[PDB]
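Attaching a single structure in structure tokens format; questions to follow.
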């Protein structure tokens, strides 16, 4: 649960971080975002998440949920191959490393 | 128009900690006051419980008291003033009238003739302007008189 | 049950008000609620600032 | 003043604020601008309260001291901000004449929680106001302070426009906004008008509804524009063939 | 009712497990009347004020030939111990007797000193089926 | 269709098989729920219930 | 806070007038009214719901 | 609606068995009560762990600064007098007023059953290690 | 329901049966029609 | 004192330890001495009652 | 010894929240400062208007009695000894028409009906 | 009752029941007609007489009308009697405002706490004494600081009685 | 963080199925956006989600487009494809949120619910004051008082 | 609204709920924040002036616009006439006064003088 209270604390932390010239945690966060936000690829025809097969248990039975939970527990986000995360991937929408972000600007001048 | 919670959510199948769902008597409701209504743990219906704590009517009543408290509290932190009983003769002209008690007549306007239309009930007076009335004994004024700002004076806001 | 009183403001400052409170506070700054109230001024191809509305609650009142 | 091992920091700080404010009051030739935000907190009491006198008299047993401090909580008078050493310094500089060396350009915070005459219990998960003050007490810059009152309004349409343009467009340029999805949200004009209605041109409100713009359900524009562009393209393909 | 334990078993229906409005159930049976509390000892199942007078049943109201059991709401008094007289209470199966006096009783009701539901279970009042079921509950050995 | 994009396809079967085994479970049809026969009179037609094997 | 309630007799004032408590007592004579002395002043609560 | 079947007879010698069982059940209940009152008062007098949660503020702050300072020099005698039971601790903190409004709102306190543990408690298991032969309502050490 | 199978979805009365046709979906954007008409005519002349 | 308000104000001086018998090891109460026999009080009834 | 135990002896005239025993210098900051903190302070009490000041208002109260004012600080409410409703609840008038669910009515008068 | 309970044995107690249910008598008068010249020439009810009247009868007044509801007795006769008694009694008291100013009910003003401008002087109270003092306190502090690490206000100007 | 207790974890698809009620409840999406924005990081995935879902809600009272009989099952296969695509974008979002919130709590000195991971601080799920005395999934005993993840000063 | 136009406090005496003025208009009039109406803001006034001076076409209020393609309709006599003051409309009010109004109006249903000269 993210609370507005947490948001304001986040704000003061972020401000105080900006003013002390700390680029580190910003760069950690930026890396995380860059890695996990890459646009998920379109799945090929005939690839769908398995349902629970009918006529196994009665409709009211616990087996259903059990199957869902275990199937999802089986696919961790490390196992999602439909999202392209790695050093291999080109990321057209994002900046690559710390050099390219505005707080480095004095290196960008001629 | 408050967005807070006035109502004790109805008993049902046991609610457990989830996205979008918390336990019924969980600490976060009613500023923790649900502590008073809480029977902890896997309760044994046959041998154990405190009946009043599962009863809709009772629980809801307690909650209504709690809400009443909150509101009272906030209306009383709202006051910067006291009620002083000042004899009829000494008091400012707009009070020289008859002022029916609360919820007796239409809410009454202070001075419709002089262009103030406002509740006299909620009219508040400065302890500075009643100084001579409230502290006759003291001689020299115990509160120094109010400095007022000239509205005809050319100052920063006037672009001068 | 609500009842809208609607008048036209020649000064171009319009405002909408519910039970005597500014619409902003009543629907509580949630945008997706207030846009609904904006909509008829859009569909009529009108400017909202030319109109003053005050709305009255005739149903079950609630905080 | 501020460099010490704690606890020492606490008294060192006391001595130091005193002598600092004594330094500023003693200087007549050097222009000093003092900017305090939310002065209205300084002109009344702190939320602090005077310690119940029995913390000061020492005790033997709680059984019979004839004492309540452990039995029931009670309220003692608030400690006025004018009794805060720092504010004492500032006030001492306002009220004494013969210091036209200083200029207080200072402000008011209205930031407190809303109260309309009924108040439930705030839902802790969803609340905008948790970090707001509990005040609920009215304040006038004129009678409550010695400074000259200036009144600030909401943005008018000029200010409002320049501002919103900044947030949106400069936002996008920084990559903080719709970006590749730009066709999802409507165009600037529409947004300006709609955010205008939502916020009522108040700056805090404008910022906030700029963010909340993400979730707008009932805006139809890009839809009908798309539809039109499409139909015109296909008329072009029917004139070509 | 299934088994008639009294007169009323003929007249009354159970109606499943059925809910009654708060604190109103037709037949008051206080199973909780003896329910040990050290800290709450004086406030639990007793007079809401310590300043109240003892009930009607601590006094002889009229000319009595005499009684069999005193009512269960009669509070135990120091004289109940000292005098060494029969103190009888109507419980089930028959009657409970205060025989072995103690000062730890004083100032509580014998509603509180008499265990309503006993852990001793006679098998002579039970049907064979009932005995089976109590065995299910791990009450009766078998 | 909302939100169209030009992104490339993914590999066939990116998903790892679940922790519940569907294979070892036998599919039940006729006796699964309990039914009430609307048969008014006469012996229930043996071809439907009992006849093969 | 916790204070001692107080009463200024009309003879003591630098103008005489009827104190509100006095009137309260006049009223309590007229329509017979039980004054609840142990009534806590901290407990005034309008009933939110119905009022 | 079946005609209710009649209840079987009581039994023999059961009246004496029951009289006896209830009788000595009470004579046992006397030592139950005595022991539990000893345990309860003993709990009341003895010291407890600190009722506040050091994972939130104004408490997480170093024990050489902030609140703890306010506690060491001004409040100490009072806190030690009431043996850190959470009700008078919280109430004293209310009355000290130099924290003033925060005690309920910002600050955070250990749940009831944890705040009840004896001073010098190390592991959480101590909640379930308290004597179960005594009737104090979780108010015994 | 009780010891029997739940019906197929279409065996129930319409979920939105009480909501008038004009509402599902809403046709909104009526403001833009005229604009796009004049637009397309001007276009044609070009 | 009940747990609610004054509980920490209880004293060991309220305990009638002379009434029972204790286990030295457990610090627990094993048996109770007889109450009624040796009991001497000048006041079965309150002082102000003469029957 | 009865006043040694505050919560035990409650007559059924007694009322929560219990009012605290008084203190001499407490009523306002100037007096408090004068008597406890700094003792050379000139003003022993802040200016006291000769006319009567009603601190509980609208509530009238018996003069010379020590009393409490409604609590502003949430903590003061939550941490006080105020109990919660436990048994069945009673209204002096409404008890006659028993429960909300049993609504006893003697006569079928219009609920709006107005006594002339 | 013209219907059911009209004519038989139950007619009596029903009838009586209804009469005892209706025993309320409402007694009204405007406060405009109480202001009139009394037989001695004094104005019967004047401004202050009305102020005292209105505070005397609280909710028994509305819209400038005094209304007394007498339920006390089972029958309407006795309630007109009881009602007239309470009315003449209430007027008896409320008329006291014609005896002189000492009976004119005080006006209740809401008088604000001292304003900010006045609250500022709270820091300059006893200024000199406090400064000249603060130097000596600084001395005692500068000396206490040589022995120990932290110097409490309780080691300086604050007094905590030991026992 | 206020809600500290042991919790029951739902699988992502069921969380998403709540649609306009929770997952897409405008309010919640907004304060997530506020989080991202404050970190100086674009919200692309959130924005995809709001696009998808805004459309979902707009059309929720309508009937699905006519299905003509296919032996080939292309309409079925393709609409399914589209569907699991959308599911997958929203998995990306749901993941994203949980991630960034654990991290942002890591910076804010915040204690999570029971048995939650915070990447740099508590690798094994963090616990203090649970109903159960041992760590639930470690089967290791818990120290009193609650474990502290951060150095003292604030 | 008509009732509130001719409303007078001194007439309300000796009536029940009837004596009470129309709620909203009254609680609005009682509000002082409503007593100061905003002037027609700078962009608005400039824009109008530009369009009627420079470009020779006066801005019509939405009631003066002819919205029938087929018809020419008489302009409604209230068109650009009724002016704007927060004091009159839209209704806006303090809450405390609203509470007091309501409660008071319930209490007074029975205070009526039926028999009047």
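Order of writing sets the labels: A, B, C, D, E, F, G, H, I, J, K, L, M and N. Residues in every chain begin at 1.
Heads up, the rule we're going with is that contacts are C-beta pairs under 8 Å (C-beta built on N, C-alpha and C of every residue); 3 or more make two chains touch, one makes a residue touch a chain.
Participant: When contacts are scored as defined above, which chain pair ends up with more C-beta pairs, H-J or E-J?
Facilitator: Result of the comparison of H-J and E-J: H-J.
Participant: Could you say which chain's mean Cα position falls nearest to the mean Cα position of the entire protein shown?
Facilitator: Centroid comparison flags B as closest.
Participant: Which whole number of Å gives the spacing of the CA centres of subunit F and subunit L?
Facilitator: Going by mean C-alpha positions, subunit F sits 78 Å from subunit L.
Participant: So how far apart, in whole Å, are subunit I and subunit N when each is placed at the average of its C-alpha atoms?
Facilitator: 39
Participant: Between subunit B and subunit H, what's the gap in Å when you average each chain's C-alpha atoms?
Facilitator: Between these chains, centre-to-centre, one finds 36 Å.
Participant: Provide the C-alpha centroid distance between subunit G and subunit N, rounded to the nearest whole angstrom.
Facilitator: Whole-Å distance between the two chain centres: 42.
Participant: Would you give the residues of subunit F that are in contact with at least 2 other chains, written as numbers and ranges?
Facilitator: 3, 33
Participant: Taking each residue of subunit D in turn, which ones touch at least two of the other chains?
Facilitator: Touching at least two other chains: 7, 10, 44, 50, 52, 56, 58, 62-63, 70-77, 79-80, 83, 114, 116-118, 120, 124-126, 128, 134, 143, 146, 175, 179-180, 184, 212, 215-218.
Participant: Among the residues of subunit J, which are close enough to touch at least two other chains?
Facilitator: 1-9, 11, 32, in rising order.
Participant: Looking at the complex, which residues from subunit J come into contact with subunit D?
Facilitator: Counting only subunit J, the residues touching subunit D are 5-6, 8-9, 11.
Participant: So in the complex, the part of subunit I that touches subunit M is made up of which residues?
Facilitator: 16, 19, 23-26
Participant: Give the list of subunit E residues in touch with subunit B in this complex.
Facilitator: 22-23
Participant: Any idea which subunit D residues touch subunit M in the complex?
Facilitator: Interface residues on the subunit D side: 124, 126, 175-181, 184, 211-212, 214-217.
Participant: Note which residues of subunit B are touching subunit M in the complex, please.
Facilitator: Touch residues, subunit B against subunit M: 16-20, 22-23, 26-28, 41.
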